[PDB]
Amino acid sequence: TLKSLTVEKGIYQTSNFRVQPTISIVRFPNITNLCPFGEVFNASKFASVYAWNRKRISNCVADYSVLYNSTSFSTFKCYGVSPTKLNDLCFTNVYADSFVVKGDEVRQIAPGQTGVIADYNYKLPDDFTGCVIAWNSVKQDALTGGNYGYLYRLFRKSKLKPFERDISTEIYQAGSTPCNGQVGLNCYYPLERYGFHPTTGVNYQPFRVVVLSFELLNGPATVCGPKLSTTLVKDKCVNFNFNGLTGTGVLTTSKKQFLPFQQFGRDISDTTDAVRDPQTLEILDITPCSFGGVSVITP
Amino acid sequence: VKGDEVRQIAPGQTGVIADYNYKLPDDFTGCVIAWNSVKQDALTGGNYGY
Amino acid sequence: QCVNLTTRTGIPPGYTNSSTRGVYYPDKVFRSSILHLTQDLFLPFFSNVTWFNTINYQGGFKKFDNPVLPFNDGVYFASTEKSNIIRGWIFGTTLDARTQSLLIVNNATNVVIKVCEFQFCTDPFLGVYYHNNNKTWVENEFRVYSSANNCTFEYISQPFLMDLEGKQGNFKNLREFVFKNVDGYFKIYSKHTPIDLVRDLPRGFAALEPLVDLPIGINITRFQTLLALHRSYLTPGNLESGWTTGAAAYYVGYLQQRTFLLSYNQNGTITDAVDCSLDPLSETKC
Amino acid sequence: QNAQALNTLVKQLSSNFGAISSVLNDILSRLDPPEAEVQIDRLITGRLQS
Ligand SMILES: *[C@@H]1O[C@H](CO)[C@@H](O[C@@H]2O[C@H](CO)[C@@H](O)[C@H](O)[C@H]2NC(C)=O)[C@H](O)[C@H]1NC(C)=O
Ligand SMILES: *[C@@H]1O[C@H](CO)[C@@H](O[C@@H]2O[C@H](CO)[C@@H](O)[C@H](O)[C@H]2NC(C)=O)[C@H](O)[C@H]1NC(C)=O
Ligand SMILES: *[C@@H]1O[C@H](CO)[C@@H](O[C@@H]2O[C@H](CO)[C@@H](O)[C@H](O)[C@H]2NC(C)=O)[C@H](O)[C@H]1NC(C)=O
Ligand SMILES: *[C@@H]1O[C@H](CO)[C@@H](O[C@@H]2O[C@H](CO)[C@@H](O)[C@H](O)[C@H]2NC(C)=O)[C@H](O)[C@H]1NC(C)=O
Ligand SMILES: *[C@@H]1O[C@H](CO)[C@@H](O[C@@H]2O[C@H](CO)[C@@H](O)[C@H](O)[C@H]2NC(C)=O)[C@H](O)[C@H]1NC(C)=O
Ligand SMILES: *[C@@H]1O[C@H](CO)[C@@H](O[C@@H]2O[C@H](CO)[C@@H](O)[C@H](O)[C@H]2NC(C)=O)[C@H](O)[C@H]1NC(C)=O
Ligand SMILES: CCCCC/C=C\C/C=C/CCCCCCCC(=O)O
Ligand SMILES: CCCCC/C=C\C/C=C\CCCCCCCC(=O)O
Ligand SMILES: *[C@@H]1O[C@H](CO)[C@@H](O)[C@H](O)[C@H]1NC(C)=O
Ligand SMILES: *[C@@H]1O[C@H](CO)[C@@H](O)[C@H](O)[C@H]1NC(C)=O
Ligand SMILES: *[C@@H]1O[C@H](CO)[C@@H](O)[C@H](O)[C@H]1NC(C)=O
Ligand SMILES: *[C@@H]1O[C@H](CO)[C@@H](O)[C@H](O)[C@H]1NC(C)=O
Ligand SMILES: *[C@@H]1O[C@H](CO)[C@@H](O)[C@H](O)[C@H]1NC(C)=O
């Protein structure tokens with residue numbers, strides 16, 4: 001503490017230099033069924049970008065190891081969380097968005113990006129937590145005659161708000177003259193058909209994009225990474241992993257009871273004073289292992 | 001490696017190559033260089049050596 | 001399918017205020033014995049509130065009070081009824097099937113939420129029949145829209161059973177709802193408190209727990225309130241078939257971005273709130 | 001005055017100095033160490049200033 005070999009006479013309060021926790025415990029809810037990756041990624045058909053499809057995912061085990069042989073991903077980007085930590089985390093509200101876009105429009109699927117897809121088809125919130133996954137789909141989405149099934153909205157009066165979908169087919173009049181349907185000189189049908197071909201360039205080749213949006217620590221999580229649970233340890237300083245929340249603390253039974261919507265409790269300092277065990281609905285108080293207070297009186 | 005596995009060769013990246021084949025330290029000092037090798041690494045019958 | 005309603009004495013609605021109503025929990029985090037300052041869309045204290053009430057008493061002056069109200073960055077809905085006359089709400093920019101619309105309705109047993117390009121008619125209502133032979137009610141004439149379309153989102157709850165009359169005088173339900181559309185998510189906060197007030201919005205503090213966060217992903221600028229009417233033995237004909245509504249009242253308020261100080265109870269329930277913008281004393285308290 | 005000063009210091013911990021979260025545990029749980037260090041440093045500098 002003094003950063004000196006020689007010490008004079010003093011009370012000398014000293015900072016702690018000792019190790020306390022040697023036990024690590026993981027508490028995760030009971031989930032047996034694997035996440036439906038095959039339905040989400042390996043699907044015979046995908047929605048058009050303007051009519052993007054949203055699928056709720058719940059009560060699933062998020063193991064991405066299964067997809068390693070089956071699928072190869074051209075683009076994988078996670079904004080809210082680091083990709084390595086996904087296995088140790090639980091996702092409270094995961095939603096999967098599936099659509100097909102041109103190969104060079106994959107860049108547009110990012111927060112703050114601008115372009116035809118970003119402005120009039122799919123919009124991402126600036127504060128986006130989740131991962132965007134894209135892969136080439138030329139074999140399944142392209143035909144020798146050509147695939148014109150996929151559609152995108154070329155013209156719209158205003159830019160789309162984040163996570164907003166419009167399927168309106170109403171004629172757009174660039175000119176002042178009222179359109180009254182009847183596409184004409186200044187009136188154009190808003191949707192434009194894509195033209196995917198097997199021999200077409202990679203930029204024009206079809207790409208399937210899946211966007212995952214989720215919150216992790218906040219809220220009860222029915223979706224969790226593949227970590228085995230361990231027996232609860234209480235009244236000892238232990239490292240704990242409750243629903244992807246990692247901390248070192250003493251665990252004790254808690255008199256305070258959370259409301260059903262509430263999953264965890266935070267004190268004035270904003271640290272997690274109380275937590276609810278995932279498997280059993282018992283509130284557990286979290287207490288710092290160290291209490292402090294040491295001084296060395298030395299001649 | 002495959003063309004789209006080039007992204008996996010970065011610090012903090014995850015995937016089959018990063019998890020079980022090649023791992024980069026989070027505090028990595030140095031340069032990663034990648035180039036297409038189809039002419040030398042691909043055969044009409046197919047190259048299964050890698 | 002559905003038809004317009006005739007013979008309604010048309011008088012503009014009354015005006016009220018929300019003394020402390022419209023406070024809801026901001027997050028699911030649990031806080032005990034602490035005062036927390038949060039900024040979110042909130043109903044301002046003593047804000048202007050529009051009172052639409054259905055009185056169909058004999059001697060004339062009968063009314064249905066079913067207009068189209070703009071959705072201004074979220075709305076506060078309070079319903080005081082004993083006959084369950086309020087059935088649900090429809091939210092859409094145009095409501096003519098040109099654009100997708102959100103329908104939330106409790107036909108009689110289970111709430112149904114659907115997002116489809118619906119062709120809503122001028123008078124979107126529900127019907128009940130009072131049989132005098134066997135005193136029973138079948139809740140027929142379901143006529144909110146005329147046509148559906150794509151139906152991108154479907155939500156149906158499990159079947160239940162409900163009383164279709166229960167007219168004893170003073171309203172006893174005081175159901176309170178807060179509707180917010182943000183980032184393609186529709187958020188509903190609901191609080192139910194029993195009340196004995198005969199015909200007025202109660203002056204009290206209520207905290208609305210989060211109910212559901214539907215991912216509708218649609219633009220909403222306007223909303224209407226669906227209502228149920230009962231036709232029995234009076235003046236039949238389907239336009240003025242004696243559709244007397246015994247009594248119901250609903251109040252509409254508009255959310256505004258505001259800074260609120262929320263007090264948390266030892267049990268963790270919000271018990272008091274302060275609106276800083278309301279007055280100088282509140283501003284010093286914040 | 002002395003009690004108020006200690007109480008305010010405990011309250012200062014709640015504030016986040018440009019960090020994603022004011023909780024060290026949340027940052028460590030959601031971020032790998034190189035990214036986590038930048039957020040932890042912002043909390044460390046602000047707490048030292050307090
Ligand atoms: C992993 O995927 C590879 C894809 O090439 C599989 O290898 C091929 O498997 C198919 C049948 O599924 C055979 O017709 C090919 O001849 C195989 N190719 C080679 C080079 O062996 C492999 O079987 C998969 N492995 C696992 C464990 O799933
Ligand atoms: C109820 O009356 C309204 C009038 O307010 C009718 O609305 C009209 O709908 C027709 C479509 O055929 C339009 O031509 C008119 O412009 C509308 N009028 C207005 C002022 O909106 C409605 O059709 C009537 N409903 C029924 C079923 O009779
Ligand atoms: C807000 O609304 C309340 C309730 O309608 C009003 O309080 C009423 O005031 C009148 C006139 O003084 C009394 O006769 C009623 O008995 C009161 N009712 C209740 C339940 O208090 C109040 O005047 C309105 N104005 C504001 C802004 O407070
Ligand atoms: C949400 O819908 C409203 C319609 O109620 C849109 O408001 C219109 O905006 C256009 C220009 O974009 C104006 O010319 C019109 O005057 C507006 N009103 C009406 C009644 O059409 C609004 O733009 C929509 N929001 C988004 C993001 O699409
Ligand atoms: C008698 O009680 C029953 C159940 O409440 C109802 O009788 C039905 O009457 C309708 C015609 O109004 C018939 O179509 C049904 O087949 C009858 N059902 C049964 C179970 O008999 C009716 O609500 C009551 N009132 C009458 C009309 O007697
Ligand atoms: C939503 O519904 C409409 C109405 O069918 C679909 O638009 C097309 O409508 C014409 C008739 O006017 C049909 O011949 C077409 O077949 C419909 N389109 C298709 C794909 O069949 C519209 O496509 C639907 N939108 C979505 C996103 O499903
Ligand atoms: C030649 C005229 C240039 C005038 C410069 C003044 C401002 C206009 C240019 C700034 C915006 C960049 C336009 C490129 C559009 C990229 C389309 C996309 O990425 O989706
Ligand atoms: C379809 C199930 C989605 C449910 C969401 C819950 C967790 C699953 C998503 C998070 C893991 C990221 C998956 C991306 C895999 C990257 C593949 C790679 O390049 O290595
Ligand atoms: C993907 O789907 C096809 C068709 O259902 C099926 O044959 C295949 O086994 C699935 N798995 C792969 C390889 O992704
Ligand atoms: C999970 O399993 C354990 C052990 O069987 C049990 O005690 C606990 O209540 C279960 N929790 C759930 C989520 O059912
Ligand atoms: C509420 O709105 C009405 C109509 O705009 C207005 O006359 C009244 O002054 C407002 N406030 C009160 C006091 O109700
Ligand atoms: C109410 O729910 C749906 C609304 O579409 C309706 O089809 C169904 O018949 C009704 N169920 C009951 C039991 O009232
Ligand atoms: C809090 O909970 C206790 C125990 O259930 C109860 O007695 C009390 O009425 C509740 N309300 C208060 C005073 O916080």
# chains A, B, ... in the order shown; residues from 1 in each chain; ligands from 1
$ residues_near_ligand --ligand "ligand 7" --cutoff "12 Å" --atoms "only C-alpha atoms and all ligand atoms" --output "PDB file with N, CA and C atoms, in the first residue's frame"
ATOM      1  N   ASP A 104     -26.123  -6.492 -52.792  1.00  0.00           N
ATOM      2  CA  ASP A 104     -25.452  -5.255 -52.307  1.00  0.00           C
ATOM      3  C   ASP A 104     -26.404  -4.411 -51.439  1.00  0.00           C
ATOM      4  N   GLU A 105     -27.654  -4.852 -51.254  1.00  0.00           N
ATOM      5  CA  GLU A 105     -28.602  -4.140 -50.347  1.00  0.00           C
ATOM      6  C   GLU A 105     -28.471  -4.699 -48.924  1.00  0.00           C
ATOM      7  N   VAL A 106     -27.627  -5.717 -48.733  1.00  0.00           N
ATOM      8  CA  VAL A 106     -27.399  -6.320 -47.385  1.00  0.00           C
ATOM      9  C   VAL A 106     -26.804  -5.249 -46.463  1.00  0.00           C
ATOM     10  N   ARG A 107     -25.934  -4.389 -47.002  1.00  0.00           N
ATOM     11  CA  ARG A 107     -25.307  -3.301 -46.204  1.00  0.00           C
ATOM     12  C   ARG A 107     -26.407  -2.379 -45.667  1.00  0.00           C
ATOM     13  N   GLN A 108     -27.474  -2.159 -46.442  1.00  0.00           N
ATOM     14  CA  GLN A 108     -28.571  -1.235 -46.039  1.00  0.00           C
ATOM     15  C   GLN A 108     -29.255  -1.747 -44.764  1.00  0.00           C
ATOM     16  N   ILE A 109     -29.199  -3.057 -44.503  1.00  0.00           N
ATOM     17  CA  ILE A 109     -29.895  -3.623 -43.308  1.00  0.00           C
ATOM     18  C   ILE A 109     -29.004  -3.386 -42.082  1.00  0.00           C
ATOM     19  N   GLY A 112     -29.131   3.262 -38.896  1.00  0.00           N
ATOM     20  CA  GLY A 112     -28.574   4.532 -39.406  1.00  0.00           C
ATOM     21  C   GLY A 112     -28.247   4.489 -40.889  1.00  0.00           C
ATOM     22  N   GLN A 113     -28.419   3.335 -41.539  1.00  0.00           N
ATOM     23  CA  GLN A 113     -28.155   3.207 -43.000  1.00  0.00           C
ATOM     24  C   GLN A 113     -29.289   3.861 -43.799  1.00  0.00           C
ATOM     25  N   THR A 114     -29.001   4.321 -45.021  1.00  0.00           N
ATOM     26  CA  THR A 114     -30.051   4.924 -45.888  1.00  0.00           C
ATOM     27  C   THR A 114     -30.019   4.250 -47.265  1.00  0.00           C
ATOM     28  N   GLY A 115     -31.142   4.270 -47.988  1.00  0.00           N
ATOM     29  CA  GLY A 115     -31.229   3.619 -49.310  1.00  0.00           C
ATOM     30  C   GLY A 115     -32.659   3.195 -49.582  1.00  0.00           C
ATOM     31  N   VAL A 116     -32.935   2.560 -50.723  1.00  0.00           N
ATOM     32  CA  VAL A 116     -34.358   2.239 -51.044  1.00  0.00           C
ATOM     33  C   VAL A 116     -34.911   1.284 -49.978  1.00  0.00           C
ATOM     34  N   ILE A 117     -34.151   0.244 -49.619  1.00  0.00           N
ATOM     35  CA  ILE A 117     -34.648  -0.754 -48.627  1.00  0.00           C
ATOM     36  C   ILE A 117     -34.806  -0.072 -47.266  1.00  0.00           C
ATOM     37  N   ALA A 118     -33.806   0.702 -46.844  1.00  0.00           N
ATOM     38  CA  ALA A 118     -33.875   1.325 -45.504  1.00  0.00           C
ATOM     39  C   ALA A 118     -35.014   2.346 -45.455  1.00  0.00           C
ATOM     40  N   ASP A 119     -35.121   3.195 -46.481  1.00  0.00           N
ATOM     41  CA  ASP A 119     -36.142   4.277 -46.470  1.00  0.00           C
ATOM     42  C   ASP A 119     -37.577   3.762 -46.622  1.00  0.00           C
ATOM     43  N   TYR A 120     -37.833   2.823 -47.540  1.00  0.00           N
ATOM     44  CA  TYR A 120     -39.251   2.449 -47.806  1.00  0.00           C
ATOM     45  C   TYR A 120     -39.580   0.974 -47.544  1.00  0.00           C
ATOM     46  N   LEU A 154     -40.354   0.816 -54.335  1.00  0.00           N
ATOM     47  CA  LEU A 154     -39.488   1.893 -54.885  1.00  0.00           C
ATOM     48  C   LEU A 154     -39.940   3.285 -54.426  1.00  0.00           C
TER      49      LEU A 154
END
$ residues_near_ligand --ligand "ligand 1" --cutoff "7 Å" --atoms "only C-alpha atoms and all ligand atoms" --output "PyMOL selection string"
(chain A and resi 69-70) or (chain B and resi 48)
$ atom_distance --atom1 "atom CA of residue 172 of chain A" --atom2 "atom CA of residue 205 of chain A"
27.9 Å
$ residues_near_ligand --ligand "ligand 5" --cutoff "6 Å" --atoms "only C-alpha atoms and all ligand atoms" --output "ChimeraX atom specification"
/C:131,133-134,136
$ write_last_selection --atoms "N, CA and C atoms" --output "mmCIF file, in the first residue's frame"
data_model
loop_
_atom_site.group_PDB
_atom_site.id
_atom_site.type_symbol
_atom_site.label_atom_id
_atom_site.label_comp_id
_atom_site.auth_asym_id
_atom_site.auth_seq_id
_atom_site.Cartn_x
_atom_site.Cartn_y
_atom_site.Cartn_z
ATOM 1 N N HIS C 131 -84.328 -11.851 -24.677
ATOM 2 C CA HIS C 131 -85.533 -12.700 -24.865
ATOM 3 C C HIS C 131 -86.380 -12.600 -23.595
ATOM 4 N N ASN C 133 -89.351 -14.349 -23.040
ATOM 5 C CA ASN C 133 -89.826 -15.727 -22.727
ATOM 6 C C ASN C 133 -88.833 -16.366 -21.757
ATOM 7 N N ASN C 134 -87.665 -16.777 -22.253
ATOM 8 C CA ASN C 134 -86.609 -17.261 -21.328
ATOM 9 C C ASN C 134 -85.660 -16.077 -21.168
ATOM 10 N N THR C 136 -82.883 -14.467 -21.328
ATOM 11 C CA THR C 136 -81.494 -14.832 -21.707
ATOM 12 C C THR C 136 -80.972 -13.841 -22.745
#
$ atom_distance --atom1 "atom CA of residue 38 of chain D" --atom2 "atom CA of residue 80 of chain A"
15.0 Å
$ closest_atom_pairs --of "chain B" --to "chain A" --cutoff "9 Å" --atoms "only C-alpha atoms" --output "tab-separated table"
residue	atom	partner	partner_atom	distance
B:3	CA	A:74	CA	8.4
B:4	CA	A:74	CA	5.0
B:5	CA	A:74	CA	7.8
B:7	CA	A:75	CA	8.1
B:12	CA	A:84	CA	6.4
B:13	CA	A:83	CA	6.5
B:14	CA	A:84	CA	5.7
B:15	CA	A:68	CA	7.3
B:16	CA	A:68	CA	6.1
$ residues_around --residues "segment 112-114 of chain C" --least-positions-apart "6" --cutoff "9 Å" --atoms "only C-alpha atoms" --output "list in words"
residues 101, 102, 103, 104, 105, 106, 151, 152, 153, 154, 155, 156 and 157 of chain C
$ write_last_selection --atoms "C-alpha atoms" --output "mmCIF file, in the first residue's frame"
data_model
loop_
_atom_site.group_PDB
_atom_site.id
_atom_site.type_symbol
_atom_site.label_atom_id
_atom_site.label_comp_id
_atom_site.auth_asym_id
_atom_site.auth_seq_id
_atom_site.Cartn_x
_atom_site.Cartn_y
_atom_site.Cartn_z
ATOM 1 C CA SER C 101 -55.787 -1.537 -39.181
ATOM 2 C CA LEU C 102 -55.692 -2.981 -35.610
ATOM 3 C CA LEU C 103 -58.958 -4.401 -34.163
ATOM 4 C CA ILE C 104 -59.158 -5.174 -30.398
ATOM 5 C CA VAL C 105 -62.618 -6.501 -29.390
ATOM 6 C CA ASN C 106 -64.210 -8.733 -26.714
ATOM 7 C CA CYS C 151 -54.450 -10.489 -41.507
ATOM 8 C CA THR C 152 -50.701 -10.273 -40.723
ATOM 9 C CA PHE C 153 -51.254 -10.571 -36.920
ATOM 10 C CA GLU C 154 -53.809 -12.768 -35.045
ATOM 11 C CA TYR C 155 -54.307 -12.957 -31.218
ATOM 12 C CA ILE C 156 -57.216 -14.937 -29.603
ATOM 13 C CA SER C 157 -57.628 -15.662 -25.831
#
$ atom_distance --atom1 "atom CA of residue 23 of chain C" --atom2 "atom CA of residue 206 of chain C"
6.5 Å
$ residues_near_ligand --ligand "ligand 4" --cutoff "6 Å" --atoms "only C-alpha atoms and all ligand atoms" --output "ChimeraX atom specification"
/A:157-158,160-161 /C:93,219,221
$ residues_near_ligand --ligand "ligand 13" --cutoff "10 Å" --atoms "only C-alpha atoms and all ligand atoms" --output "PyMOL selection string"
(chain A and resi 255-257) or (chain C and resi 32-33+264-269+271)
$ interface_residues --of "chain D" --to "chain A" --cutoff "8 Å" --atoms "only C-alpha atoms" --output "list in words"
residues 10, 11, 12, 13, 14, 22, 23, 25, 26, 28, 29, 30, 31 and 32 of chain D
$ residues_near_ligand --ligand "ligand 6" --cutoff "9 Å" --atoms "only C-alpha atoms and all ligand atoms" --output "PyMOL selection string"
(chain A and resi 47-48+50-52+149+166-169) or (chain C and resi 116-117+149-152)
$ interface_residues --of "chain A" --to "chain C" --cutoff "7 Å" --atoms "only C-alpha atoms" --output "number ranges by chain"
A: 162-165, 168, 219, 258, 261-267
$ residues_near_ligand --ligand "ligand 2" --cutoff "9 Å" --atoms "only C-alpha atoms and all ligand atoms" --output "CSV table (one decimal) with C-alpha atoms, in the first residue's frame"
chain,number,residue,atom,x,y,z
C,1,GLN,CA,-73.2,-6.1,-43.5
C,2,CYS,CA,-73.3,-3.4,-40.8
C,3,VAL,CA,-75.6,-0.4,-41.1
C,4,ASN,CA,-75.9,3.2,-39.9
C,5,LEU,CA,-77.7,4.0,-36.6
C,121,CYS,CA,-68.2,0.7,-41.6
C,122,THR,CA,-69.5,4.1,-40.5
C,123,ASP,CA,-71.1,2.6,-37.4
$ closest_residue --among "B:30, B:11, B:43, B:35" --to "residue 33 of chain D" --atoms "only C-alpha atoms"
B:11
$ residues_near_ligand --ligand "ligand 12" --cutoff "7 Å" --atoms "only C-alpha atoms and all ligand atoms" --output "mmCIF file with N, CA, C and O atoms, in the first residue's frame"
data_model
loop_
_atom_site.group_PDB
_atom_site.id
_atom_site.type_symbol
_atom_site.label_atom_id
_atom_site.label_comp_id
_atom_site.auth_asym_id
_atom_site.auth_seq_id
_atom_site.Cartn_x
_atom_site.Cartn_y
_atom_site.Cartn_z
ATOM 1 N N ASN C 107 -65.807 -10.028 -28.057
ATOM 2 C CA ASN C 107 -67.163 -10.279 -28.615
ATOM 3 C C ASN C 107 -68.132 -10.485 -27.448
ATOM 4 O O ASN C 107 -69.142 -9.761 -27.395
ATOM 5 N N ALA C 108 -67.799 -11.397 -26.531
ATOM 6 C CA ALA C 108 -68.651 -11.653 -25.348
ATOM 7 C C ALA C 108 -67.852 -12.469 -24.334
ATOM 8 O O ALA C 108 -68.054 -12.265 -23.124
ATOM 9 N N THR C 109 -66.999 -13.377 -24.816
ATOM 10 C CA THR C 109 -66.266 -14.276 -23.887
ATOM 11 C C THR C 109 -64.755 -14.031 -23.940
ATOM 12 O O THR C 109 -64.156 -13.873 -22.861
ATOM 13 N N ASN C 110 -64.169 -13.976 -25.139
ATOM 14 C CA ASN C 110 -62.687 -13.879 -25.245
ATOM 15 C C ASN C 110 -62.265 -12.647 -26.054
ATOM 16 O O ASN C 110 -62.896 -12.375 -27.093
ATOM 17 N N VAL C 112 -60.297 -10.593 -28.754
ATOM 18 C CA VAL C 112 -59.662 -10.983 -30.047
ATOM 19 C C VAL C 112 -58.909 -9.769 -30.601
ATOM 20 O O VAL C 112 -59.534 -8.699 -30.725
ATOM 21 N N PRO C 159 -61.764 -19.185 -24.419
ATOM 22 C CA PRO C 159 -63.150 -18.765 -24.140
ATOM 23 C C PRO C 159 -63.529 -18.631 -22.657
ATOM 24 O O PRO C 159 -63.090 -19.440 -21.862
#
$ residues_near_ligand --ligand "ligand 11" --cutoff "8 Å" --atoms "only C-alpha atoms and all ligand atoms" --output "PyMOL selection string"
chain C and resi 15-17+48-50
$ select_by_dssp --residues "segment 112-280 of chain C" --states "strand (DSSP E)" --output "VMD selection string"
chain C and resid 112 to 116 120 to 131 136 to 137 143 to 145 153 to 156 175 to 182 185 to 192 207 to 214 222 to 231 248 to 254 256 to 264 270 to 275
$ write_last_selection --atoms "C-alpha atoms" --output "compact mmCIF listing (two decimals), in the first residue's frame"
# COMPACT_ATOMS: atom_id res chain seq x y z
CA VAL C 112 -59.66 -10.98 -30.05
CA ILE C 113 -56.81 -8.82 -31.50
CA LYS C 114 -56.38 -8.84 -35.33
CA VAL C 115 -54.22 -6.71 -37.70
CA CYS C 116 -55.80 -6.82 -41.20
CA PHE C 120 -64.69 -0.67 -41.09
CA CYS C 121 -68.19 0.73 -41.62
CA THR C 122 -69.47 4.13 -40.46
CA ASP C 123 -71.15 2.58 -37.42
CA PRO C 124 -69.01 -0.26 -35.96
CA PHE C 125 -71.12 -1.78 -33.13
CA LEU C 126 -72.06 -5.10 -31.44
CA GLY C 127 -75.60 -6.42 -30.81
CA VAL C 128 -77.41 -8.17 -27.89
CA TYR C 129 -80.95 -9.68 -27.84
CA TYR C 130 -83.11 -9.73 -24.67
CA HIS C 131 -85.53 -12.70 -24.86
CA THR C 136 -81.49 -14.83 -21.71
CA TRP C 137 -79.03 -12.88 -23.93
CA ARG C 143 -70.85 -5.97 -37.18
CA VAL C 144 -67.59 -3.99 -36.68
CA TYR C 145 -66.27 -4.25 -40.28
CA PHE C 153 -51.25 -10.57 -36.92
CA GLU C 154 -53.81 -12.77 -35.04
CA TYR C 155 -54.31 -12.96 -31.22
CA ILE C 156 -57.22 -14.94 -29.60
CA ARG C 175 -61.47 -0.14 -16.05
CA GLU C 176 -58.43 2.04 -17.05
CA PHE C 177 -56.25 1.51 -20.19
CA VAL C 178 -53.14 3.29 -21.60
CA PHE C 179 -52.29 2.78 -25.33
CA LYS C 180 -48.80 3.61 -26.73
CA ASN C 181 -47.43 2.87 -30.25
CA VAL C 182 -43.57 3.04 -30.30
CA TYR C 185 -44.83 -2.14 -30.76
CA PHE C 186 -48.32 -1.44 -29.33
CA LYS C 187 -48.07 -1.25 -25.50
CA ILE C 188 -51.21 -1.59 -23.31
CA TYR C 189 -51.23 -0.84 -19.53
CA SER C 190 -54.41 -1.91 -17.65
CA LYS C 191 -55.70 -1.23 -14.09
CA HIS C 192 -59.12 -2.33 -12.68
CA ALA C 207 -50.76 2.57 -11.21
CA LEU C 208 -51.37 0.63 -14.47
CA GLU C 209 -49.42 -2.69 -14.73
CA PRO C 210 -48.10 -3.63 -18.24
CA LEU C 211 -50.55 -6.02 -19.99
CA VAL C 212 -49.12 -6.85 -23.48
CA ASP C 213 -46.67 -5.48 -26.13
CA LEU C 214 -48.12 -6.57 -29.54
CA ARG C 222 -56.99 7.61 -35.41
CA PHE C 223 -59.08 5.33 -33.11
CA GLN C 224 -62.80 4.56 -32.37
CA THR C 225 -64.55 2.88 -29.38
CA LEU C 226 -66.66 -0.26 -30.14
CA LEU C 227 -69.93 -0.39 -28.09
CA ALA C 228 -72.70 -3.00 -27.52
CA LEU C 229 -76.47 -2.22 -27.77
CA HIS C 230 -79.46 -4.42 -26.77
CA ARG C 231 -82.64 -4.62 -28.95
CA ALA C 248 -72.01 3.62 -19.68
CA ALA C 249 -69.33 6.37 -19.56
CA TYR C 250 -65.87 6.54 -21.22
CA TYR C 251 -63.12 9.21 -20.87
CA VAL C 252 -60.37 9.99 -23.46
CA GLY C 253 -57.05 11.71 -22.54
CA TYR C 254 -53.86 12.37 -24.57
CA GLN C 256 -47.53 13.95 -23.64
CA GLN C 257 -43.75 13.61 -23.06
CA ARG C 258 -43.32 14.61 -19.37
CA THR C 259 -40.87 14.20 -16.44
CA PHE C 260 -42.50 12.42 -13.44
CA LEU C 261 -41.23 11.67 -9.90
CA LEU C 262 -42.58 8.23 -8.84
CA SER C 263 -42.62 7.06 -5.17
CA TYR C 264 -42.21 3.28 -4.64
CA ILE C 270 -46.07 2.95 -6.98
CA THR C 271 -48.31 4.84 -4.49
CA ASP C 272 -47.74 8.53 -5.43
CA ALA C 273 -46.44 10.58 -8.42
CA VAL C 274 -45.44 14.26 -8.97
CA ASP C 275 -45.87 16.09 -12.33
$ decode --residues "segment 195-199 of chain A" --atoms "N, CA, C and O atoms" --output "PDB file, in the first residue's frame"
ATOM      1  N   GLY A 195     -35.498  -9.233 -60.150  1.00  0.00           N
ATOM      2  CA  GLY A 195     -35.235 -10.140 -61.286  1.00  0.00           C
ATOM      3  C   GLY A 195     -34.039 -11.032 -61.012  1.00  0.00           C
ATOM      4  O   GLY A 195     -32.967 -10.771 -61.589  1.00  0.00           O
ATOM      5  N   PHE A 196     -34.213 -12.047 -60.158  1.00  0.00           N
ATOM      6  CA  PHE A 196     -33.080 -12.928 -59.770  1.00  0.00           C
ATOM      7  C   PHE A 196     -32.831 -13.998 -60.838  1.00  0.00           C
ATOM      8  O   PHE A 196     -33.804 -14.626 -61.292  1.00  0.00           O
ATOM      9  N   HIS A 197     -31.564 -14.202 -61.213  1.00  0.00           N
ATOM     10  CA  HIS A 197     -31.202 -15.231 -62.227  1.00  0.00           C
ATOM     11  C   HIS A 197     -30.026 -16.063 -61.700  1.00  0.00           C
ATOM     12  O   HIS A 197     -29.259 -15.534 -60.877  1.00  0.00           O
ATOM     13  N   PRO A 198     -29.859 -17.339 -62.108  1.00  0.00           N
ATOM     14  CA  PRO A 198     -28.706 -18.143 -61.688  1.00  0.00           C
ATOM     15  C   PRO A 198     -27.376 -17.574 -62.202  1.00  0.00           C
ATOM     16  O   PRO A 198     -26.411 -17.610 -61.462  1.00  0.00           O
ATOM     17  N   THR A 199     -27.353 -17.064 -63.438  1.00  0.00           N
ATOM     18  CA  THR A 199     -26.089 -16.575 -64.055  1.00  0.00           C
ATOM     19  C   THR A 199     -25.844 -15.099 -63.711  1.00  0.00           C
ATOM     20  O   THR A 199     -24.801 -14.568 -64.141  1.00  0.00           O
TER      21      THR A 199
END
